[PDB]
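In mature numbering (1 follows the signal peptide of the UniProt record, and there is no 0), the protein residues as written are 1 to 129.
All remarks here apply to the structure that follows.
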């Protein structure tokens, strides 16, 4: 499913992401925008052979099991396919573990490179939340 900006912001809010670990809803929406373009079915393979899954592009080497990444840690205890669902619950629960991991949202290269230090509030502007 390809989420709309405000539609996604409200779903994340409901799932307790706004201000989770101090990151605003704007940060999370901006990150999903540049990570997957709001598409839950997005996947991208990396050179190390691992693959990124879903709206937040969660990596298979550490967080999920896709059965084809040697030495996967599967820290979120879920098959990577669950991350491509139209319901964002699994992606959100896993993202919560990642963001608490110590490096915060810097774990997401698109957030670091395109959201960090920007007017992220613009991403939820106009939304009835």
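We put the beta carbon where it would ideally sit given N, CA and C, even for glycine.
Selection 125, 99, 110 and 123 evaluated against residue 21 yields 99 as nearest (Cα-Cα). Note: residue 79 is bridge-paired with 65 in the DSSP secondary-structure output.
Secondary-structure assignment with DSSP links residue 52 through a beta bridge to 44 and 59. The Cβ atoms of residue 40 and residue 88 lie closer than 8 Å to each other. Here the C-alpha atom of residue 29 lies approximately 31 Å from the C-alpha atom of residue 71. Sequence-distant Cβ neighbours of residue 31 in its own chain, meaning closer than 8 Å and more than five residues away, are 56, 105, 108, 110, 111 and 115. DSSP, read as helix, strand or coil, puts residue 37 in coil.
A Cβ-Cβ contact shorter than 8 Å links residue 12 with residue 18.
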